[PDB]
Amino acid sequence: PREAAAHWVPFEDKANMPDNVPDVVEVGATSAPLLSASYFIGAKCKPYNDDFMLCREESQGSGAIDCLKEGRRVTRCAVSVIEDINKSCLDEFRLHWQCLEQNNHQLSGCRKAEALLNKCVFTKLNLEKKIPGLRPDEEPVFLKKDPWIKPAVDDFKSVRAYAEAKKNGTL
Amino acid sequence: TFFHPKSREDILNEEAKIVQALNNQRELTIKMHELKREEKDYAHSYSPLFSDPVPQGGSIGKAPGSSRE
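Visitor: Let's hear about the overall build of chain A: which residues, and what values?
Guide: A tally of regular secondary structure across chain A gives seven helices and zero strands. Reading the secondary structure of chain A in the N-to-C direction produces α-α-α-α-α-α-α. Against the 2.2 N^0.38 benchmark of 16 Å for 171 residues, chain A shows a C-alpha radius of gyration of 20 Å, more extended than a compact globule. As displayed, chain A offers around 12,500 Å² of accessible surface, 53% of which is attributable to carbon and sulfur atoms. On chain A, the mean spot of the 25 positive side-chain charges and the mean spot of the 26 negative ones are 7 Å from each other.

Visitor: Describe the layout of surface pockets, with residues and values.
Guide: Residue and element names in this part refer to chain A. The calculated volume of the largest pocket comes to roughly 810 Å³. Taken together, 27 residues form the lining of the largest pocket, with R111, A115, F142, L143 and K144 sitting closest to its centre. Top element by residues in the lining of the largest pocket is helix α6 (residues 111-124). It accounts for seven residues. Split by residue class, the lining of the largest pocket holds 13 nonpolar, three polar and 11 charged. Elements supplying a minimum of two residues to the lining of the second largest pocket: α2 (38-59), α3 (63-66) and α4 (68-88). The greatest single-element share of the lining of the second largest pocket, amounting to four residues, is contributed by α4. Here the lining of the second largest pocket is built from residues that sort into nine nonpolar, three polar and four charged.

Visitor: Run through the packing of α6 of chain A against helix α7 (residues 156-167) of chain A, naming residues and quoting values.
Guide: Residues and elements named next belong to chain A. Running from N to C, α6 and α7 point in directions that differ by 50°, and their axes come no closer than 8 Å. On the basis of their axis angle, the class for α6 and α7 is oblique. Considering the relative orientation of α6 and α7, their crossing is left-handed. In contact with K112, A113, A115 and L116 of α6, α7 contributes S158, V159, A161, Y162 and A165. Of the residues belonging to the contact of α6 with α7, the class tally is seven nonpolar, one polar and one charged.

Visitor: Which residues make up empty space enclosed by the protein, and what values go with them?
Guide: If you roll a probe as big as a water molecule over the atoms, it shows you where there is empty space left. Residue and element names in this part refer to chain A. Here the structure, examined in full by the defined rule, presents one cavity of 30 Å³ or more. Lining the largest cavity are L35, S36, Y39, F40, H96, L107, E114, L117, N118 and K129. Of all the elements in the fold, those that place two or more residues in the lining of the largest cavity are α1 (31-36), α2 and α6. Top element by residues in the lining of the largest cavity is α6. It accounts for three residues. Tallied by class, residues from the lining of the largest cavity come to five nonpolar, three polar and two charged.

Visitor: Let's hear about the environment of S45 of chain B: which residues, and what values?
Guide: All names here are of chain B. Within the fold, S45 resides in helix α2 (residues 42-45). Along the backbone, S45 and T29 are 16 residues apart, and their C-alpha atoms lie at a distance of 22 Å. Polar side-chain contacts of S45 include one of 2.8 Å to the backbone oxygen of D41.

Visitor: Can you break down the packing of α2 of chain A against α4 of chain A residue by residue, with the values?
Guide: Helix-helix packing is described using two parameters, namely the angle between the two axes and the distance between the axes. Residue and element names in this part refer to chain A. Packing of α2 against α4 leaves a shortest axis separation of 8 Å and a crossing angle of 170°. Here α2 is positioned roughly antiparallel relative to α4, judged by the angle of their axes. Facing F40, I41, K44, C45, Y48, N49, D51, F52 and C55 of α2, the residues of α4 in contact are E70, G71, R73, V74, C77, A78, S80, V81, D84 and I85.

Visitor: Got a sec to walk through the state of the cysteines? Specific residues and values, please.
Guide: When the sulfur atoms of two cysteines share a covalent bond, that bond is a disulfide. Residue and element names in this part refer to chain A. Inspection of the entire model under this criterion finds one disulfide over all chains. Covalent S-S linkage joins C45 and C77, the inter-sulfur distance amounting to 2.0 Å. Residues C45 and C77 are joined through a disulfide that is left-handed, its torsion about the S-S bond being -105°. In this pair, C45 is assigned in helix α2 and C77 in helix α4, connecting sequence segments 32 residues apart. A relative accessible area of 0% means that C45 is categorised as buried. Judged by its relative accessible area of 9%, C77 is buried.

Visitor: Report on helix α1 (residues 8-35) of chain B, specifying residues and quantitative values.
Guide: Here α1 of chain B is 28 residues long and its end C-alpha atoms lie 40 Å apart, about the 40 Å a rise of 1.5 Å per residue gives. Once α1 of chain B finishes, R37 of chain B follows within two positions and takes phi at roughly 45°, a positive value.

Rules used throughout
Residues numbered from 1 in each chain as written, not as in the entry; some residues may be left out. Chains lettered and ligands numbered in written order. Part of a larger assembly, values for the part shown. Heavy atoms only, no water. Helix = DSSP H or I, 4+ residues; strand = E, 2+ residues; numbered from the N terminus. Rg over C-alpha atoms; globule rule 2.2 N^0.38 Å. Areas by Shrake-Rupley, 256 points an atom, 1.4 Å probe, with all protein chains shown as cover. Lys, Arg positive; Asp, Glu negative; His and termini not counted. Charge placed at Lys NZ, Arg CZ, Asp CG, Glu CD. 1 Å grid on protein atoms, 1.4 Å probe; cavity = no way out; pocket = protein on both sides within 12 Å on 5 of 7 lines; lining within 4 Å. Points joined across faces, edges and corners; volume = space filled by probe spheres on them. Nonpolar A, V, L, I, M, F, W, Y, C, P; charged D, E, K, R; others polar. Axes fitted to C-alpha atoms, helices over the stretch in contact; angles between N-to-C directions. Parallel < 35°, antiparallel > 145°, perpendicular 65-115°, else oblique. Left-handed = near helix turned anticlockwise from the far one by under 90°. Contact = heavy atoms within 4.5 Å. Polar contact = N/O pair within 3.5 Å; in protein donor to acceptor, adjacent residues only side chain to side chain. Disulfide = S-S within 2.5 Å. Buried < 20%, exposed > 50% of the residue type's maximum accessible area, 1.4 Å probe, protein only. Expected span 1.5 Å × (residues − 1).

Structure representation (structure tokens):
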């Protein structure tokens with residue numbers, strides 16, 4: 001839809017959901033940690049996400065009311081991913097999304113924290129980052145050694161952590 | 001004896017053939033007036049290759065849930 005125009009007053013609604021709709025926790029993460037956990041959500045919630053979208057498409061208009069079970073599953077899978085991150089991989093995750101905040105949510109300014117986080121989640125949770133649609137001939141941009149595009153200032157904490165991890169063989 | 005007119009039977013037959021041709025042209029004119037102003041196909045009237053009238057719109061933000069039959 002279009003954005004509002006020329007005047008607009010926000011209005012909330014203090015009503016509760018009907019009782020034939022079970023309750024579901026929300027995700028609760030803001031922009032940056034969710035951008036950091038996007039690929040790990042996609043690695044685990046592919047079937048649930050595409051089932052949600054397929055039941056929306058098959059409904060042909062009534063997707064808001066026909067797809068509630070499916071959306072609840074999607075929300076729960078995402079909450080599980082972020083709970084696993086917080087339980088196990090919180091320091092690297094926080095490095096990554098604070099690094100995203102000081103940039104303009106450009107993942108090109110955060111590769112040194114991204115590497116640590118991807119290693120951590122691949123070892124503990126067994127979820128790896130993959131950019132689909134590519135060929136075996138194409139290099140994914142998050143694995144390039146020397147890119148053209150680099151941050152103005154590389155994040156300090158991430159640099160110190162990358163250095164320490166290379167000195168301790170964690171990478 | 002100089003009078004050698006075409007006989008009555010042949011005159012009638014030639015006139016009958018003429019009238020048969022005229023009625024044939026009449027029935028052809030009626031048939032053509034009826035084959036026109038008769039509903040034609042979407043392939044014959046608009047588009048013989050892309051014969052689907054159903055529009056598939058934009059593609060840049062295609063929402064699942066936008067198609068409808």
